[PDB]
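One protein chain, two forms: both are listed below as structure tokens, the first as structure 1 and the second as structure 2.
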Structure 1
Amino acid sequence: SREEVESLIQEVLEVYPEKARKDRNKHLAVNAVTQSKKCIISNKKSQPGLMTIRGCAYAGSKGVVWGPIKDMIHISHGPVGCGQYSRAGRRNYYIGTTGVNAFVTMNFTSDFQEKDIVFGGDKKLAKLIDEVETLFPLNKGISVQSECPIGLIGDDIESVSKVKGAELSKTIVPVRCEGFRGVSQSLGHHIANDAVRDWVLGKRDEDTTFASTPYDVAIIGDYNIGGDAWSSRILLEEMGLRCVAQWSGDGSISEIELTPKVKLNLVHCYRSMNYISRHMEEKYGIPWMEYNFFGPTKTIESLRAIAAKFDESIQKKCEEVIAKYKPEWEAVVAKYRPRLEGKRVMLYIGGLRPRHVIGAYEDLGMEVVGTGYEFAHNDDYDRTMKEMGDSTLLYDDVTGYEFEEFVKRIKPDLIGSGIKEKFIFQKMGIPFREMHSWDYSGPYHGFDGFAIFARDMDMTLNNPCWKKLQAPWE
């Protein structure tokens, strides 16, 4: 630890040319670290040719934020690649009749050909909007998720959206999330939050119809991966709150449009949703707080903090919820912590989970020896410092070579990352769990999710397959 990590960091960097070596030195840190500014830099350009795990601003808008909105149709405006590669790849679960009143797992696209590059796609988009309205009459809004060429060729999707929106009396949201904008999916979050603000959030500011209650609340930044938000709202409503809306996991446009009515915004994913949360505080006065539903420790801390923002009845029901699920998650730790205690885990995820799931691992007696983000910011890393232990390894926008080399020396018993990393480390004999798609399992949020998370970590870490990597004859 300490000098042992610092020397691992320089040792692996000696393979790079100096410009890449100098840059990547700034993105590798070991944990007076109250201030990220001061030990690691983040949210910068990726080095060319180093195999970044990052995505694009389209993935940050269409993939994560806009796609999950279930009663709207989201148009991948541009060539066929982006809509197809992201078709149903993120498990933003929802209730709906797909193709009729819900459209999350479908792929709508303008399928740019060269003719559209030459002459522009603005006329094709207007014709496409009409075809959507004839064939999918029960959609309650349309978004246009711009892919790379749209801005480069000089289209004006805002004019199409404004012209067509009036002709059809329909919500049409232009989103300028072209993949070359930004350094990652992060700017796609920001671009998508502003598109929500400008074209959707203000439609019911003067509409004071909705009957409000003092306990109205909204879940901000839960995309219902495997049902994560469903396993979270049940706890809030058992506590006596009314979840008016979830953004964007199983979210409807009406739900979003009613969010200005709530008393408190509950922010799970700070990174992707802090922008709109601050804006609703400025314009509508609604306060917002961050919370954590990963593992029993963090969930209880969050339920009691949320309840403290209301009256004694809500705080009372909070303790009733806590007492109800206490024996359930105690049985889970009693079963699984003996099988996972003392095991060390390395993580690498997007912009929240790398810090958000640490408490859950520790609830099973595991030690997070290394975490990192693809596209986090210094305020994400400030928050990471408190959660990580002394002498742990920190890495921002890690290279595949860096991540391999780090695993080789640290030798964790489990790795938590994405699909592009999974089969590398499985071949190295290290148990791997996907911390994006939950490995097609989940939910992992709340008390119901902790049981699945613990079962999933156990089944993989202790699997008999891991003792068979070496042929008995070598």
Structure 2
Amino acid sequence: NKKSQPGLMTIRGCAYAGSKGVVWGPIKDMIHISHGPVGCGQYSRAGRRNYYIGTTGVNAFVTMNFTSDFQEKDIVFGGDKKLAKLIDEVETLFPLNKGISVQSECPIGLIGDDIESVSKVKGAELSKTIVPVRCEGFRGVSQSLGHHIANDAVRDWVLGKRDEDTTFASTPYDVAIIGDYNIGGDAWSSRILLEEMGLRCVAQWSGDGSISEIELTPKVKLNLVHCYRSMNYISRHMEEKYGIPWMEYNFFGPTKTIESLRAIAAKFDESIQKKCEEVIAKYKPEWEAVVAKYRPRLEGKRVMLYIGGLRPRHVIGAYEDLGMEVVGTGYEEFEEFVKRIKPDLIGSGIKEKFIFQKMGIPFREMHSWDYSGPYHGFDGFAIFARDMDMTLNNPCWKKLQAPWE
């Protein structure tokens, strides 16, 4: 429902931001084309930190911005013949790409062009996977719809590419990490644990994603979902067409990491549950030293998250391990609300840290997003712990008032 009315400020994104920005953009060996005017792609160019490993401009293209850069002519006569032409230029200038997706910008839907046909026809011609995505920005009231549209595209053009292929050599421990954007490296920092535990992560997509890995996702035994909000769609579908179960997992802090590691192992035999214990034993001292160092300097500090009520229904994760007091936003302003509650830092919700900074309040959430990371896994806890301490305790926040009034 969300009555998010016009004429009001909000750093709320569009369907394009959700489709190109979080779901498709991260896929490293594909070339994503912002179809439409020059703006959208430029503003989103390397905006999110989905870490990956590759040789940019040769076999990986995440931080690049390919666009059809629509002029007046294209809006009037349609950009269909243009789409077909640029796809041919991409093929000669970037021969080592393993696929192309077409992220639609607002104009594409309005002037009624049909990118689906171009995809089918050029795809057949060049024997490549060309994925048309109708994520025009005006659609829906948030990135959410973009996620849903981006997921269906994966499903309809990529996911079932090898449904008649069996040359894949599977094991009883094949797992797939879906919905991890590898921000600051979160997914690598997680994938390390899951494999020290006996599991074989065959598919890790979006973050450091590979087109090839997406196509193998259906060949796994379990689906691990980090961000359900944007990948749940494709999760439910893989369970019906393939009967592959799925579960959430969260490695934010040692409590949740141990919890979720235990739970993952449970879905398997006992040898994995034993390995899971050898893993938890191995990192026990490491996070204890972290709590030993920072808990003293973070204890009693109140971090406010965007949750209903005054306290989370359960454990958020790392904040608790560091002896921090997590509060909520009540049951319903928001600017004055914070002034009257005077938290120590805003943990999430109603974005744009710069407004809060002016108000003397830190704003560093659950994910890296801007500068450090990873924040997940055991190695991520130390990083999160250090940053929390530096932000909360930095002397800059204690200088807002000039000594002469």
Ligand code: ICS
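The first residue in the sequence of structure 1 is number 1, and each one after it adds one. Whichever C-alpha set is largest while still superposing within 1.5 Å between the two forms counts as the rigid core.
- Working note: structure 2 is the copy from the form solved without the named molecule; the remaining copy is not.
- The residue that stands out in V357, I300, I73, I253 is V357, the single one whose Cα moves by 2 angstroms or more between the two structures on a rigid core fit.
- After superposing the rigid core, the Cα of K420 is displaced by 2 Å or more between the two structures.
- Once the rigid core is used as the reference frame, the Cα position of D448 differs between the two structures by less than 2 Å.
- Comparing the forms between the two structures on their rigid core, the Cα displacement of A59 stays under 2 Å.
- In the core-aligned comparison between the two structures, the Cα atom of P464 sits 1.3 Å away from its counterpart.
- Per-residue C-alpha deviation between the two structures, core superposed: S437, 4.3 Å.
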